[PDB]
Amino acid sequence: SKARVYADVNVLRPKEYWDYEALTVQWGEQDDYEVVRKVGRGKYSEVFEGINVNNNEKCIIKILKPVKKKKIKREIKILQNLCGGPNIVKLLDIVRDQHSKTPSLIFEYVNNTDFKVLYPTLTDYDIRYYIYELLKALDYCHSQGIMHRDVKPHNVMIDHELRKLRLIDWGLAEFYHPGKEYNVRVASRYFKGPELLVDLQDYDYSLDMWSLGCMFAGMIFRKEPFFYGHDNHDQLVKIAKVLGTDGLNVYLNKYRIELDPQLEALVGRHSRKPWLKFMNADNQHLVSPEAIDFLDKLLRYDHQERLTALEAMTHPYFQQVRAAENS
């Protein structure tokens, strides 16, 4: 399988662009940056609000848990390559504790609002607007030959006050090379595309569009998460109970994948469930025919059939947002 767009980005660019293993990190001064308070944490890092002692400006400090040097070089190089793109978090500095040699990445400060309280208050238009802004970031990174691979609400920072959005945590992102086989143990469970759940390793930028779709479905249906699987196998079953088993089997035979017997049995047979059946009194104000049409072009088994981020931004569902932007 190859990507339908931006397939040759890394083929055209110099090896220095994408050979992250050969990067040479110019370490800054650890003292320039002081931690003020913890604002987050995950499996690979702790995140703090900090201060730049010289300009006394706020910043974000991400202290990395121990991992192989390669993964560290990957995140940095990707951040450096994307620096300046729309709605991509900006890496400001890189520093290491002399003794421990524990790295910290320093980023511009963003005043994020917790999605668990933000989302149920967004109005129809707000959704349109933030999903458009997230699309700009995704089209930009794909255009630069990179896949994010962990798109989820937690990785989308929003400052509802200022209307500002940033795509963060590029720790799982990789460079796309035509025909390369990637690890399928990426993304977070609820946002994993079928390709990952069926061991299709030669995936591409379209993976991020599946994840974006899941996010979107979650916001317009107020059903977070939308596909609530317990383990990887159950995740596939949860998708199949909605999209239906016929499309899955068409997909598997097209890419010549055999599902493992246990899994096959878990999946079973299921008819497709119309998106309208998830409509209810709490979400109704969010669910236009254009919302459903867009969602439908995102959540497809076949990664090759999904809308690309560029196409997505021109869908009529966004036209007011576009108009607003054109001043």
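Residue numbers here begin at 1 and follow the sequence given. For clarity, a rigid core is taken as the largest C-alpha set superposing within 1.5 Å between two forms.
Rigid core superposition, C-alpha RMS per stretch in 8 other deposited structures of this protein: which comes out larger, 92 to 100 or 163 to 171?
Stretch with the larger root mean square C-alpha distance in 8 other deposited structures of this protein: 92 to 100.
Greatest C-alpha divergence in 8 other deposited structures of this protein once each structure is fitted on the rigid core, 101 to 109 or 200 to 208:
Stretch with the larger root mean square C-alpha distance in 8 other deposited structures of this protein: 101 to 109.
Going by the average Cα B-factor in the PDB entry, point out whether 173 to 181 or 229 to 237 comes out higher.
Higher of the two, by average CA B-factor, is 229 to 237.
Between the two ranges 248 to 256 and 195 to 203, the one averaging a larger CA B factor in the entry
Per the PDB record, 248 to 256.
Whose C-alpha has the highest temperature factor in the PDB entry: 63, 263, 299, 291?
Of 63, 263, 299, 291, 263 has the highest C-alpha B-factor.
Among the modelled residues of its chain, does the C-alpha B-factor of residue 10 lie in the lowest, middle or highest third?
Within its chain, residue 10 is a middle-third residue by C-alpha B-factor, going by the deposited values.
Which third of the chain holds residue 126 when residues are ordered by C-alpha B factor: lowest, middle or highest?
Tercile = middle for this residue's CA B-factor.
Third assignment of residue 133 from its chain's C-alpha B-factors:
Answer is lowest: the recorded C-alpha B-factor places it there.
Relative to the other modelled residues of the same chain, rank the CA B-factor of residue 108 and answer lowest, middle or highest third.
Ranked within chain, residue 108 CA B lands in the middle tercile.
Hey, what third does residue 74 fall into on Cα B-factor, ranked over its chain?
As the PDB entry reports it, the C-alpha B-factor of residue 74 lands in the middle third of its chain.
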